[PDB]
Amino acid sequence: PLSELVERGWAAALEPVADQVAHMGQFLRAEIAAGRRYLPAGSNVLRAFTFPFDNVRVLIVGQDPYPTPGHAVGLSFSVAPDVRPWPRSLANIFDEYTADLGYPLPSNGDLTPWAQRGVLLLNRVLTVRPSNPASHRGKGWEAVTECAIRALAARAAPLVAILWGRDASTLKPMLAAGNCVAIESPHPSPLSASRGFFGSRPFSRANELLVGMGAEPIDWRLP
């Protein structure tokens, strides 16, 4: 049951899609039975929902997990600490991190500290077939992650949304019910690079927006 898979707040928030989450478990088992693989590891698929729902203050949305074996870890854009070199998307994120915040380059690609601090690193689709980008689109995850985003937007708490998966016209309606939701626009993605992403100041703007809504800023600093 959801209560065993995710954090208590998320289990309640995702109750309307509990049957669909069970169906995705069936889908993944059927993939292995059919001789196909999936990433991330089963134990990491729902990892973004293992950090507390009530404490989320920034939503960073991606589209699909990394398709390269050993990259996807269940937090959008993150990689395991032993992964090197970083994927291009993450290298671009880190360049912006250094430019926006003035911090040196991180030691590795693990974004766990952001998750701990209330940054929800959510992909719209939570699995992928290795080496086959975007291969699990339309398999059932979109309803689950829509429920998640709508539940976040309905909280009385502040939220800043950062849209790094394009798809803004799909996502913005999900964030509309919100009373204390600010969406960063425009919506370059990390691979936009110098055609809008670099200089987008997503981290410092998120903090400016949070503080303007009466919330504490995120400490973005990575080790």
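One rule holds for the numbers: they count along the sequence shown, beginning at 1. In this text, the rigid core denotes the largest set of C-alpha atoms whose superposition between the two forms falls within 1.5 Å.
Stretch with greater C-alpha deviation in 9 other deposited structures of this protein, 25 to 33 versus 160 to 168 (rigid core superposition):
Relative to the shown form, the greater RMS C-alpha distance in 9 other deposited structures of this protein belongs to 160 to 168.
Between 46 to 54 and 186 to 194, report the one with more C-alpha displacement in 9 other deposited structures of this protein relative to this form after a rigid core superposition.
Per-stretch check in 9 other deposited structures of this protein: the more divergent one is 186 to 194.
So which stretch wins on mean C-alpha B-factor, 43 to 51 or 169 to 177?
For C-alpha atoms only, the mean B-factor is higher in 169 to 177.
Going by the mean C-alpha B-factor recorded in the entry, which is higher: 209 to 217 or 196 to 204?
Looking at the recorded C-alpha B-factors, 209 to 217 comes out higher on average.
Identify, among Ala154, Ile183, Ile60, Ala33, the residue whose C-alpha carries the highest B-factor in the deposited PDB entry.
In the PDB entry, the greatest C-alpha B-factor among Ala154, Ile183, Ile60, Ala33 is found at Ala154.
What third of its chain's C-alpha B-factors does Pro81 belong to: lowest, middle or highest?
According to the entry, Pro81 has a C-alpha B-factor in the chain's highest third.
Using only modelled residues of the chain, where does the Cα B factor of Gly102 rank: lowest third, middle third or highest third?
For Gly102, the deposited C-alpha B-factor lands in the highest third.
When the modelled residues of the chain are sorted by Cα temperature factor, does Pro190 land in the lowest, middle or highest third?
Middle third - that is where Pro190 ends up once the chain's C-alpha B-factors are sorted.
Taking only the Cα B-factors deposited for this chain, tell me whether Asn108 sits in the lowest, middle or highest third.
It falls in the middle third of the chain.
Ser135's Cα B-factor: lowest, middle or highest third of the chain?
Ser135: CA B-factor falls in the middle third of its chain.
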